[PDB]
Each structure stands twice: as C-alpha cells, then as structure tokens.
There are 4 protein chains.
Amino acid sequence: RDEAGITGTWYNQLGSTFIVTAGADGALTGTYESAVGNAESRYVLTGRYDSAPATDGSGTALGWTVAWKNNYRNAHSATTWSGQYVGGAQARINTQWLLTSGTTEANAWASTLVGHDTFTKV
Amino acid sequence: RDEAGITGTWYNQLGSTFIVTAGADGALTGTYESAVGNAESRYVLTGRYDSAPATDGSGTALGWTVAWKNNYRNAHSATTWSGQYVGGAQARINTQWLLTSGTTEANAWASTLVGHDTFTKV
Amino acid sequence: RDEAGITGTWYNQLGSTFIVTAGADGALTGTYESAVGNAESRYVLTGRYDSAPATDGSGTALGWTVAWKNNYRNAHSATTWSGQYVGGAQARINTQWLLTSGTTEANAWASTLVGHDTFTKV
Amino acid sequence: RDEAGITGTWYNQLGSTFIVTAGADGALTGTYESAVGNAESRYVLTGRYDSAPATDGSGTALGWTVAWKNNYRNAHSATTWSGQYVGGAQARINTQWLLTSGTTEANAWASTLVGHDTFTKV
C-alpha cells in the first residue's frame, strides 16, 4: 500500500497546501489551505483512497472533499478532487476537481467549476 | 442547517443507493451501493457539506468520495461527487462526478470519467 | 447515418434553442440561442459528428462549440458540448459541456464551468 | 484580435499536433493528430474563438471539436476542447476537454472522459 507515500504535506501549482493522513483501511483525513479564492486558513478535508492498488505500475486512485466553511469564512461551496497518487522520487498526486457553489435553481446551470491540480511534496 | 434534510437514504437515476449521515460540524459519512460498473455491495463514503448555508433560497454545497474497494472487489478507482442539496417536498441532491482509475503514466490521459447524478428520497 | 436525425431544431432543459445542420462528411453548422447567461439572440456554432456510427444500438458521438460573441454582446467566453445523439421516437442529444471565460492568469483556476444539457425535438 | 497569434501549429503535452486557422469572424478550422488513443493520421476539426477579447490582459476564449472518424479509422467518439489562448513569448492554449464515446443507454453513464491539454508553439 501507499499509506506511507500519501501521508504528509503536499503542495499544488497554486501554492495551496494539502495536509493528509492516510489510514490503513482507505481513509483520508486532514486539512486544506487554498492560496486562492474565497478562503482563509485551514479547512477540514476527508476522503478515500485505494489501499490495495494494482502492482503493475498503475497509480493509486483517491479523492477528497473540502466544504469551504471554517471559523473564519463560509464560501457556501465544496470542492472535490479525484485523482491518482504516483509514487517515486518525484511523487505526485494528479487530480481533477469540481467546485460546486450553492445557488438558486435559476443559477444552478452555473454552479460548478472544473479544474485540475497537481500536488508535489516540494 | 440541513443536517436533518441530508441524513438518510437517497437514490439516483441509475438505481444506486447512497446512505448518509450528516454531522453538525459538516461531516458526511455513510455507504454507497452502485447499480452499475465494477461494484458489488456497499462501499465506505466520506465527505463534507456546508452546515450553515445561505438563507436566500440557495442550495447547500456538499461532496463526497467512494474508493471502489470493499471486501468483495477492488476496482482500483475512486469517484467524487460535487453538488448541492435542495430541500423541500421533492428534495434532491444534484451532482456532477469524477471517476478516476489508477492507470499507468501512458494511459493517464484516459484516467477520468465525468458524469452527473441526481439523487432523490424516493 | 444520422444526418437526417440530427439536422433540425433542438431544445434543452433551460429553454435554449440549438438549430443545426448535419453534413454528409461529419460537419455541424448552425446557431445557438441561450435562455440563460450573458447572451442575447443567436450565435454561430460549428462542430462535428460521427457520420458512420456503430450499428449495435450505440449512440452517435458529436460535439460543437459556441463563442459567445455576436452583434449584440461579447461575453468573452466559449462553450463546448460533447455528447451523443440517440435516435427514435423520443430522440435526444445528451451532452456535457465546458464553458471557458477569458481570464487573467491569476484567475485562470476559476475559468471553466462544467455542466450537462439534454436536448429534445419538442 | 488574436487571429495571427492562434493561427498555426500547436503541440500538446502528449505530443499531439493541432493545426488551426483562425478566421476574422471567429472561425477555427484545421486538423488534429493525436499521439494517443484510437487514432491515426489527421482528423478534421472546427471551432470558434472570441475575435474581440478583453484588453485587460485576459486570455482569449475558444473551443473546438474533433470527431474521431477519418479515412483510416472510426473511434465512434468526439472530443471537445474548451479553453483560452494566452499570447506572448511563451504563448499557450490552456484547455480542458470532454471525450464522448457512442454507447448503449446501459453504458451511457461511462460515456465521457475528461482531461486537460496545454498547447505550445514549440
């Protein structure tokens, strides 16, 4: 498994900081601090990962969610990242994400941003 | 808040079953059973929701993750749903999702499915 | 082929109107009028479709683009729809879309909306 | 406008080749050759771009479609790229894409890949 490879502090191309602990069972728990958007300080995250990945050089599937409410701000929105962990000297988490805002029904067509983040250990 | 509105059993257009408990703090915990794909029985889910939504008729942002490993099967993949809860007589969770498979680096361009699920209480 | 099935006037769940002509070669040409957003009147569209689909009951893959500039307005943005045509008594075009705005580099993480539209002939 | 900046040969991170001509009106026409997937040689593309972008340093919105049928192969699928052109010494087209396959109704939940391509002139 990749419990030890995933656990730790990761940084994306925006300068955001993802701090995660991987459990033996498949759990991801930690904190996220965004460098951009309607965000300040750390937010709770939770998610899941494949604790028994293929042994054929494939990556390890995982995902997590942040709801953008903490003691400081409430951005009435949530992001989910879906992606894979790729181990080795330049380990990476390669993700795509969906950021949904709470909207009225009239604006719901415009509720959801999509993007991609790559996380490294440096 | 929508802790009471979200907590419970939901069903999507595929006939899948999402069983969730919403915590007062923003946590989502439960199980997912897919009617389709490389899946059997229930899988753990975790996620987050906005526990203090806007009071202007907007929906409530939330998201969750399933890693597709349980005691029966391992599909080496994870889905994340990002969406909003809309309360009332015909409550709904309207989502978009990202399903990432673990892949080799050569196949990583094709790692991620996108789609949309609408969940109802009936 | 589905040249005759695709050609014509389609309407989505938002009340927008998609008017398309399918060419024998795979071309899609027409106009789009959005019921929502920073849009008024008709905009040019172009796209492509599979002119020789599988004969196994599969749908017919297609896509198209609108840039949201016409004589009336310029929303500095473009949407692409990717989807499939499914023929028969209740024909449908089932799509997902990506709406990209021109942004500064600082805001580029938030450039792109994602959603889904279903088009019918009625 | 960016007619002159967009027109030409572009290459993505996969080694695919996008050859486009931008018209004064907003048209994109050209050919695409994928380095990956069920593809060989060149395929027709068409699309649109914002011919009068904001003058505030924002990028220029555009999109295009390929249906994956040519004289050599038919992959019964279409990709749409949605993105923005950013000019200057290291010009780039930054995109996200949706690749839809024709599917049966039973498999339609799994019809659509999502990803991201960055195109450069070198």
# chains A, B, ... in the order shown; residues from 1 in each chain; ligands from 1
call {"tool": "residues_around", "arguments": {"residues": "stretch 104-110 of chain D", "least_positions_apart": "2", "cutoff": "10 Å", "atoms": "only C-alpha atoms", "output": "VMD selection string"}}
result
(chain B and resid 14 36 to 37 99 112 to 117) or (chain C and resid 56 to 60 83 to 84 86 94) or (chain D and resid 100 to 102 112 to 113)
call {"tool": "residues_around", "arguments": {"residues": "stretch 18-21 of chain D", "least_positions_apart": "3", "cutoff": "9 Å", "atoms": "only C-alpha atoms", "output": "PyMOL selection string"}}
result
chain D and resi 3-4+6-12+27-34+45-46+119
call {"tool": "residues_around", "arguments": {"residues": "residue A:82", "least_positions_apart": "2", "cutoff": "9 Å", "atoms": "only C-alpha atoms", "output": "ChimeraX atom specification"}}
result
/A:61-64,80,84,94-98 /B:65,78-80,97-100,112
call {"tool": "write_last_selection", "arguments": {"atoms": "N, CA, C and O atoms", "output": "mmCIF file, in the first residue's frame"}}
result
data_model
loop_
_atom_site.group_PDB
_atom_site.id
_atom_site.type_symbol
_atom_site.label_atom_id
_atom_site.label_comp_id
_atom_site.auth_asym_id
_atom_site.auth_seq_id
_atom_site.Cartn_x
_atom_site.Cartn_y
_atom_site.Cartn_z
ATOM 1 N N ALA A 61 -5.713 5.273 -6.977
ATOM 2 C CA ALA A 61 -6.895 6.160 -7.040
ATOM 3 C C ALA A 61 -7.252 6.694 -5.666
ATOM 4 O O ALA A 61 -7.156 6.001 -4.644
ATOM 5 N N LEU A 62 -7.654 7.962 -5.635
ATOM 6 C CA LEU A 62 -8.090 8.582 -4.396
ATOM 7 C C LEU A 62 -8.989 9.825 -4.684
ATOM 8 O O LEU A 62 -9.038 10.256 -5.839
ATOM 9 N N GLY A 63 -9.635 10.296 -3.652
ATOM 10 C CA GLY A 63 -10.370 11.514 -3.762
ATOM 11 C C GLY A 63 -10.592 12.061 -2.445
ATOM 12 O O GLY A 63 -10.539 11.395 -1.410
ATOM 13 N N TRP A 64 -10.928 13.362 -2.392
ATOM 14 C CA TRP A 64 -11.273 14.028 -1.164
ATOM 15 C C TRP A 64 -12.166 15.234 -1.391
ATOM 16 O O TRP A 64 -12.263 15.729 -2.477
ATOM 17 N N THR A 80 -14.390 18.873 -4.669
ATOM 18 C CA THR A 80 -13.931 17.501 -4.659
ATOM 19 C C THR A 80 -12.806 17.330 -5.639
ATOM 20 O O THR A 80 -12.906 17.774 -6.749
ATOM 21 N N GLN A 84 -5.093 10.443 -8.893
ATOM 22 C CA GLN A 84 -4.265 9.281 -8.568
ATOM 23 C C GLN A 84 -2.956 9.765 -8.049
ATOM 24 O O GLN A 84 -2.395 10.756 -8.474
ATOM 25 N N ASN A 94 -2.000 13.610 -9.038
ATOM 26 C CA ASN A 94 -2.562 14.283 -10.233
ATOM 27 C C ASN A 94 -4.083 14.221 -10.102
ATOM 28 O O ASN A 94 -4.627 13.153 -9.948
ATOM 29 N N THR A 95 -4.732 15.368 -10.062
ATOM 30 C CA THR A 95 -6.159 15.463 -9.841
ATOM 31 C C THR A 95 -6.878 16.319 -10.841
ATOM 32 O O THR A 95 -6.342 17.193 -11.500
ATOM 33 N N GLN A 96 -8.169 16.019 -10.937
ATOM 34 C CA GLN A 96 -9.138 16.954 -11.478
ATOM 35 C C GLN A 96 -10.154 17.236 -10.357
ATOM 36 O O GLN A 96 -10.292 16.439 -9.416
ATOM 37 N N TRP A 97 -10.766 18.422 -10.398
ATOM 38 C CA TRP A 97 -11.669 18.826 -9.342
ATOM 39 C C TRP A 97 -12.907 19.456 -9.834
ATOM 40 O O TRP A 97 -12.962 19.998 -10.941
ATOM 41 N N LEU A 98 -13.915 19.382 -8.967
ATOM 42 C CA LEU A 98 -15.239 20.023 -9.204
ATOM 43 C C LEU A 98 -15.567 20.875 -8.002
ATOM 44 O O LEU A 98 -15.603 20.359 -6.871
ATOM 45 N N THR B 65 -16.693 11.214 -1.403
ATOM 46 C CA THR B 65 -15.848 10.294 -2.137
ATOM 47 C C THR B 65 -16.177 8.847 -1.788
ATOM 48 O O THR B 65 -16.379 8.530 -0.578
ATOM 49 N N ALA B 78 -11.751 5.661 -7.817
ATOM 50 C CA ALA B 78 -12.453 6.431 -6.831
ATOM 51 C C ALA B 78 -13.382 7.387 -7.555
ATOM 52 O O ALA B 78 -12.947 7.958 -8.570
ATOM 53 N N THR B 79 -14.565 7.603 -7.027
ATOM 54 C CA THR B 79 -15.444 8.661 -7.543
ATOM 55 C C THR B 79 -15.629 9.711 -6.533
ATOM 56 O O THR B 79 -15.824 9.402 -5.318
ATOM 57 N N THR B 80 -15.669 10.947 -6.947
ATOM 58 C CA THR B 80 -16.081 12.077 -6.144
ATOM 59 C C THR B 80 -17.297 12.718 -6.747
ATOM 60 O O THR B 80 -17.331 12.952 -7.923
ATOM 61 N N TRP B 97 -19.865 14.325 -11.086
ATOM 62 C CA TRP B 97 -18.868 13.441 -10.522
ATOM 63 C C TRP B 97 -17.711 13.219 -11.406
ATOM 64 O O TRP B 97 -17.790 13.368 -12.628
ATOM 65 N N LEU B 98 -16.614 12.841 -10.751
ATOM 66 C CA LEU B 98 -15.344 12.475 -11.438
ATOM 67 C C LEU B 98 -14.916 11.117 -10.935
ATOM 68 O O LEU B 98 -14.745 10.936 -9.717
ATOM 69 N N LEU B 99 -14.764 10.167 -11.821
ATOM 70 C CA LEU B 99 -14.355 8.777 -11.508
ATOM 71 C C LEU B 99 -12.945 8.595 -12.074
ATOM 72 O O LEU B 99 -12.773 8.558 -13.300
ATOM 73 N N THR B 100 -11.967 8.519 -11.204
ATOM 74 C CA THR B 100 -10.584 8.309 -11.622
ATOM 75 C C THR B 100 -10.166 6.880 -11.398
ATOM 76 O O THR B 100 -10.349 6.393 -10.257
ATOM 77 N N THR B 112 -10.005 9.459 -16.300
ATOM 78 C CA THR B 112 -11.046 10.077 -15.564
ATOM 79 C C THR B 112 -12.340 10.242 -16.322
ATOM 80 O O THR B 112 -12.361 10.890 -17.391
#
call {"tool": "closest_residue", "arguments": {"among": "B:111, B:70, B:23, B:52", "to": "chain D", "atoms": "only C-alpha atoms"}}
result
B:111
